[PDB]
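Q: here goes the first bit of my complex:
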Amino acid sequence: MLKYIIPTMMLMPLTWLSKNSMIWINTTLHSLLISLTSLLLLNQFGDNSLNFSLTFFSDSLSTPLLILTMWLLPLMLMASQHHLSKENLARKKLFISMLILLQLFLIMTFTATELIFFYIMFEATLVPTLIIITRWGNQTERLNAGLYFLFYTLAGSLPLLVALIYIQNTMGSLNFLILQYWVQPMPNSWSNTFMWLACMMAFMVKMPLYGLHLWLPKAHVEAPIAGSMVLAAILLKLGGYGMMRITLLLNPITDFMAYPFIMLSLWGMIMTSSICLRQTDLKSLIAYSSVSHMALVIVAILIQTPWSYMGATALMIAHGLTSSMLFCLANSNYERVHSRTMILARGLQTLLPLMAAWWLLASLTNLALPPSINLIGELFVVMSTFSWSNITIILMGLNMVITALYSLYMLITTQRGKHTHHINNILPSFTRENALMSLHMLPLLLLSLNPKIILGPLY
Amino acid sequence: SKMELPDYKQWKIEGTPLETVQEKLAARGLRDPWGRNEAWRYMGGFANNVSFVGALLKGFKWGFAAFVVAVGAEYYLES
Amino acid sequence: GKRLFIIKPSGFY
Amino acid sequence: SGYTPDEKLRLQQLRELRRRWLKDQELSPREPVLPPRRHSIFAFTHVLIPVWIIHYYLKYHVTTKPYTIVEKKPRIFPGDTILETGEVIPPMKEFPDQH
Amino acid sequence: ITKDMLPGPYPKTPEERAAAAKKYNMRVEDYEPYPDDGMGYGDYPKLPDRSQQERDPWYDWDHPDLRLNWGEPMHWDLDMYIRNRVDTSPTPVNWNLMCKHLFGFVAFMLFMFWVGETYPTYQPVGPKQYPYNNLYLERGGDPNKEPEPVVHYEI
Amino acid sequence: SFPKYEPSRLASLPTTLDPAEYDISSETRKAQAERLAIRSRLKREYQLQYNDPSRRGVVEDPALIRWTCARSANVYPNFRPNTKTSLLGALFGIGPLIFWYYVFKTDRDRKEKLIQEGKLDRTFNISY
Amino acid sequence: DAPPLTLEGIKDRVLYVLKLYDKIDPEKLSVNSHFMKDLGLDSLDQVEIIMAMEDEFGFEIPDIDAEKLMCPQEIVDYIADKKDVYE
Amino acid sequence: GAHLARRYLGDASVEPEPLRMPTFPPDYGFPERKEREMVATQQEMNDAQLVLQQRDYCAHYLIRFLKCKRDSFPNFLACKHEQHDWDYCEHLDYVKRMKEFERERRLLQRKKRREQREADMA
Amino acid sequence: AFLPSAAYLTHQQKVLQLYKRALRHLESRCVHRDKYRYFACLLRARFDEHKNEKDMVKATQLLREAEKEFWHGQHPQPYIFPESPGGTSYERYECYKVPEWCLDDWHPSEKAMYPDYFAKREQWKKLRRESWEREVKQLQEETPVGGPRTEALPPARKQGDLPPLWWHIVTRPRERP
């Protein structure tokens, strides 16, 4: 994995030794080269994972998350270079250093063979994200946002640490490859009940679980654009990755420990999607849509069938691309009208038609239009939850109504109707902005041609 | 450019159902002042439109003539 | 004759 | 009662400015100043080259794989002769005639 | 924007009600807040709960698609009462009479489909007769077993 | 005579059928003139900014900002836990969770019993 | 389709509809004939005149604008402003 | 449709129920009743790929009509006689179904008169 | 009730608006032109009966039961003119009504395609920015203390001045852009 870790670290002298006019160009270029390099992780086998060393491995779960992570860094640099144009040069380099450091922590979060090293990289991701939100977020509430993001995580993750160390004392190892063969069944007891909660609640916070989700519509809203891109696209998926690894050790107790959380997710995706119908802040609407989409990934991981894991990893990759694009579109309107109020700037298709086409494609992927990988993940989770219980289709199908309703309402409010008369600073779309939208949307649509690389380890 | 409107004095409601309307209004002491404004709808080429069975039987005459010609044609062609 | 200017946003970019 | 004289005067002045604005939307005869810039090609490029490409694809890549083009077997009647065998299908039993 | 033009707590004294009526650009005699039951409305005005469709469309609105002026206090559910959404306009038929007529029509039609299902129409014929033991092999019956002979006769 | 119009929540009373529309009293004239004065002042304040040639941007509406601040940030400073908010927060917050828990639990207990008793037709079910 | 309106055409059609009205004699009518002060018409007659203008040109004049159109020239100017004639 | 009124408004004990009829034996009233002869072989209408609704006792005229309809392409108006033969034999089959209905109705009338004569006599 | 200049509707304005609504709904009920013309004369006769009514309480009562009469007898689907609110072509062309300020964001290669148009646009912009301060100081020397009472704007009073707040009335888009 060290052929990816070392160039990601070499981005640090690359950004700190660059000429002052070259720090976006150089980091964008070489992060795109690292992202091109990331496709060598697609040496996956039908039986074995790609096991590099004692410290690092990559199966078909971690590989698309790695490719998406390494792809998101150039797009974050493109998204962030405009609103940091007037910034001090050293603070600009510190911002890029926090993004590079976050990429470095993420790529060895997903490839960590041993679970306590997964824990340390998983929690190490908090510090650059907290710094990016509280230092380069725009408003006052970022400070409060930085507290919620910090303290819902750690209150969930410090019982995980203890739990993992307990497994270290019980199994003798936290190697996931060893734990594939030495896993013992976890019977019904109170000790194993709180073992289950300590193993699961940190990832439940990261997803987020409904009812634990309150950090997200502050953290993703108050963040700068690169912060929101990495929070929605990658850091939510640390929870899903960690659940898919940790539920190996939690059988068969999961078969009744999942029942409350499944309810919290199945009703929660009804709630948060409904919340999106009455959001006045566009970026808050995109955040609540992320909570609603990750509720399906929670249900799919908890019912733990092959179809549900395939749907959940497809939905994680698809939601990463779609939610990152939606935050970038909302930012492209924020960088013109300087307000996140969705009803403010209307009729934007009359003024910005190609950006309206990007809004259309991102809305269509948000509502899971076939054959997008959004629909592939959505549909496969719906198949597996119908097999779990046939009544879930009600809460599934009603969700797909509301998901359509808030996706097009967002599209109707901002793009359609009459333009606002008094707003006259709607600049034509920059090449950087359309480029950012296309670098989200074109890989997302090309993955429909060959979705087997985003279907995870039990494709 | 310039459009020449027809004369306004030619629009008289005599011979139209506006005449019947004015008679039934004058039977109770009333009078209709906007009749000549509506008079063009009942005059000229818009007067004497077909009925509904006259609308359905449009082209029935030539269709029946072609029918008789084709029936006689096949009746002579079979022999 | 009487061709009118159509106000539209910038399609250059 | 209609307009006040201030309303009449304001509408007259706005009317004159509006008609000047609408007159100023007409183009010049030189405008738009533009920068300086095979009878059955449709049946060749949109029909015949696609029939070539699709027949190549179906003949040498699709039908070389099993069960990709599965055709319903042809309907056999009494009295038919099979091309692959030559075996004449015998006709039906004689009808108990009804009319 | 600044702090004394933002919404605040529920107004209790009449001078607090007067200054919050002045804040929302409306008369004190027209300003009614939501009742202080702890739902979280604060001093925000309870506007009369009409859709934006009911506004005068011929008026020169600042926001013509929204039918809403600049500085006018927006309803709490303005995003709900947009013209893309919930209409509260007066209807030519009363609401309760509309509900009675629609429910009576749907219930009568469902009842009569049930009645006609209980008493179906048919034709004065016997059952359709198929040869070869009611097409036993054609319907997927296995040839190693042998069904009972289904024999049809002339009439 | 005529059927009286019965207004509802989603079908309001017409302006022409409202009895207070025909009030000619001087206090209603003062209220209507004062509302016209407030609306004319806000109109003038808007269109002095809207018609400004030097202005290039967004004419900020403090009413819109005030609405979006009331909808999000002012709610918890004006929340008081009392009988109404507790009985509504527990009916609509944990009520459906208990409901769907018992629905899905009863369905899966019934289905698991049918499968382990060999009664559920699971003949071609190999995808799950 | 949709032939363009001129000021002379709008004026001719407005005076045409007013000459086809039995409460106005067509020899006293001009473009500046006030309906109440020169032609001696009622306010109900003015409402009917504006409704005939609406039926003539195929669009609605609102009541806040219709009550102020008290001569043919004001009607012609209103239809000119609402249809953008003489571009 | 008078039979609907005789079953629904009159008595149903004398009217035949369509879902379960005949309720009488087929030899009850017939000395030496013959079977319906099937002309088309089971393999013949198997190879002709007829719809299972269409594999009734008059499928041989349908096989003749479909062979005509194939062999007379593109003249799609050239097999009216084979189609009329199939339609007429379907008509005769429907008349046989009507005769079965009337037979069952008259036998239920016979049972009604039998039980009324048994009640009035003994 | 809600008007830009007046604070209310007078009784005479309410009667005339009822008369126009009643004739339009009667024309919707009475599709044919002679039949509408007969019943419109009958409705005008009903309006002329109480025309010379001096008791304003009696006239207000007659207006109120006439509104009840109209509400009972209105058409469920009255005729709406196509560009009128509720019509089938209402606000259809608003997607084509691009505001004029977007021409400021055109590239110089597409402004050079229309040289005379933009040369004529710049003198409109120059006229507007030299008229702005004069029309602001016209508004503030003519508005009373406490703000404007009605939404009516004054005309230009001098020879050389433009009417105050004129630009978005004059440079508004066409109805058929």
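A: Sure thing, it's come through. Numbers count the residues shown, from 1 in each chain, chains lettered A, B, ... in the order given.
Q: in contact with residue H:99, which residues?
A: Listed by CB atoms under 8 Å, 6 or more residues apart in numbering or on different chains, the contact partners of residue H:99 are residue E:155. To be clear about C-beta, it is placed using only N, CA and C from the backbone, and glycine gets the same treatment.
Q: quick one: the residue lying closest to residue B:58 once chain neighbours are set aside from residue B:57, how far?
A: Nearest residue to residue B:58, sequence neighbours excluded (CB to CB, 6 or more residues apart in numbering or on different chains): residue B:50, at 7.6 Å. Counting by CB to CB, to the nearest Å, the separation of residue B:50 from residue B:57 is 9 Å.
Q: next, count neighbours for whichever residue of chain I sits closest to chain B.
A: With CB to the nearest CB, the shortest gap between chain I and chain B falls at residue I:34, namely 4.3 Å. Burial of residue I:34 is recorded as 22 neighbouring residues (other CB atoms under 10 Å in any protein chain shown).
Q: same thing with the one 3 residues further on?
A: For residue I:37, the tally of surrounding residues (other CB under 10 Å) stands at 23.
Q: surely it touches residue B:32?
A: Yes - Residue I:37 is within contact range of residue B:32, at 5.7 Å (criterion: CB atoms under 8 Å).
Q: identify the contacts common to these two.
A: In contact with both residue I:37 and residue B:32: B:18, B:21, using CB under 8 Å, 6+ apart.
Q: rewinding a little: what count of nearby residues applies to the residue nearest to residue B:58?
A: 10.
Q: now swap in residue H:84 and tell me
A: Residue H:84: 14 neighbours (other CB under 10 Å).
Q: can you tell me how far the residue nearest to residue B:58 is from residue B:18?
A: Relative to residue B:18, and taking CB to CB, residue B:50 is found at 21 Å.
Q: kindly report the same for residue F:127.
A: Counting by CB to CB - residue F:127 and residue B:18 are separated by 77 Å.
Q: throw chain J onto that model:
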Amino acid sequence: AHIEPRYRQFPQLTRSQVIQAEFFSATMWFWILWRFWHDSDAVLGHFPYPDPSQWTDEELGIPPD
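A: The block that follows adds chain J to the chains above:
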């Protein structure tokens, strides 16, 4: 020459649209009369519907007891 609009009077008609409209109306009535001459049973009935009361008890097998 294209059609010039008229005011309060019947519009200008082309000869071509009148002869096309009359031709297709005549084609409709020719087709209806031709198919009614040749088919006549898709409308009126193909086969005679038998009367069940006219059927004898001998052909239905009703033993008189």
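Q: what do you get for the neighbour count of residue H:84 once chain J is counted?
A: With other CB under 10 Å as criterion, residue H:84 counts 17.
Q: all helices of chain I, in order?
A: Under the criterion DSSP state H, helices of chain I are mapped to I:11-29, I:33-49, I:56-73, I:108-111, I:115-140, I:167-170.
Q: and the second one, which residues are buried?
A: To tie it back to what came earlier, the one meant is helix I:33-49. Buried residues in helix I:33-49, counted by 16 or more other CB atoms under 10 Å in any protein chain shown: I:33, I:34, I:36, I:37, I:38, I:39, I:40, I:41, I:43, I:44, I:47.
Q: show me the contacts for whichever residue of chain B sits closest to chain D.
A: With CB to the nearest CB as the measure, residue B:1 is the residue of chain B nearest to chain D, at 15.8 Å. Neighbour list for residue B:1: residue G:6 [criterion: CB under 8 Å, 6+ apart].
Q: the helices of chain I: which one's closest to chain J?
A: helix I:33-49 (13.0 Å).
Q: mind checking the SS state of the residue nearest to residue E:131 when sequence neighbours are not counted?
A: Of all residues not flanking residue E:131 in the chain, residue H:38 sits nearest, at 4.1 Å (CB to CB, 6+ apart). Here residue H:38 is coil, with the state taken from DSSP: H, G, I helix; E, B strand; the rest coil.
Q: hmm, residue E:129 and residue H:38 touching each other?
A: No - taking contacts as CB under 8 Å, residue H:38 lies outside contact range of residue E:129: 10.4 Å.
Q: okay, buried residues for the one helix or strand residue A:29 maps to please.
A: Assessed by DSSP states H and E, residue A:29 sits inside helix A:23-37. Buried residues in helix A:23-37, counted by 16+ other CB under 10 Å: A:23, A:24, A:26, A:27, A:28, A:30, A:31, A:32, A:34, A:35.
Q: again, but for stretch I:9-27
A: I:9, I:13-27.
Q: ok, that stretch near chain E or not?
A: No - Stretch I:9-27 lies apart from chain E when judged by CB under 8 Å from any CB of the partner chain; the minimum separation is 10.5 Å.
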